[PDB]
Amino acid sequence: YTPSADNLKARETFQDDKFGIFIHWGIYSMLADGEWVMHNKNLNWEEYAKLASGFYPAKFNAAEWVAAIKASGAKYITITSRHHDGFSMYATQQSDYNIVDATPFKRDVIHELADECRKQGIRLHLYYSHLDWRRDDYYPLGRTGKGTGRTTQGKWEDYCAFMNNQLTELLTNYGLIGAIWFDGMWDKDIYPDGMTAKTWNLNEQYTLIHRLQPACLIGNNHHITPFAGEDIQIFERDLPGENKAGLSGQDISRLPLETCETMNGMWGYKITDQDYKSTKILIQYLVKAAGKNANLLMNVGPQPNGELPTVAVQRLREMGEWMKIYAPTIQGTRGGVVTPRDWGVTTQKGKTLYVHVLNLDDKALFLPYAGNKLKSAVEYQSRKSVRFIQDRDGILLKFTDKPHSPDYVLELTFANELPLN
């Protein structure tokens, strides 16, 4: 695999963007207990499908959704085109089990979002599930979905053809797509060959994607070393190199990095979970991702009435108030020469090092960097000079006051370009 020039350009734009919004939306939103409900509660596949003919998110408005997300500073959206329950949220001809043909809503919401994304300057990424709890040609089964009541059995080859045909539709009828974001491969990690490219038909899938849209980036949330043909690496609920959530532990690759996370605790809408992370924690999460050279893909789970959660919209609005001031210290940067520490992180652009102080009550900060003369240091907002001392061992900044919250940012200007590790 050798990525095309347009793909490489897209990789650079992706890393420049730093911030996107995940959207998990499907008929599981009506049950309002998370996107895994079909499997978690062993719901019969035919009984679950009866929900579709009552699905009517009357307050859905794509312009409003995209506007609310753009106001956060985010530059792209990743939306579930089809999740594990096998329901398609677009006008597919591969199955009548889709938002157009099976619901009274009768509208291709992916189409409506694509149109508004294009109009508002937001890039559209498509989540697509390798795992299927409904179709009988997902056979043999893996570790999940054994309780969903399937009693017939089809051919894996036909399931793979189904996925190819759906990917082809998604990359034909919805304009330029910035990425395909695969998920679910891990379902067969119980078999010896269950995590191979051959088992999952990855080479054919990736070649097909890049043939239709060479600039489209491919990610696959398998939590292991990226397969040839992937263009981004995904870390689920952890910064690269961290494993507090237990879904990581894999080596950091050379691909563009993206951490995904929930704003409350769940990907799909969950009516019992209204505990949304504070704006301060969300801002620091984005800064910490940027400081580890990674994008943040922050999730919102839309309601069954088609509105984004009001509290999520407020958080996004307030993140955008901060981005109004600080976006140039995050967007367009890469992880800085000083890797993340307990006090905070650094990001860099050209000859500029942004020092993001997130957690420090003292009035001095040692930076382990030498060999590049520091010409100036100022507070990013006020532009006041920051006193400093530099020698062959590093740089010591001194501050007039306690670092303020949520991020006390210093702009350091060096004589030479900062190295890219």
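Residue positions are given as counts along the sequence shown, with the first one as 1.
Remark: stretch with higher mean C-alpha B factor among 191 to 199 and 291 to 299 is 191 to 199. Note on the listed residues 237, 83, 125, 119: the highest Cα temperature factor in the record is that of 119. Per-chain ranking of the deposited C-alpha B factor places residue 183 in the lowest third. When the CA B factors of the chain's modelled residues are split into thirds, the value for residue 14 lands in the middle one. Residue 152 sits in the highest third of its chain by CA B factor, as recorded in the PDB entry. Among all modelled residues in its chain, residue 275 ranks in the highest third by Cα B-factor. Per the deposited record, the Cα B-factor of residue 28 falls in the lowest third when ranked against the other modelled residues of its chain.
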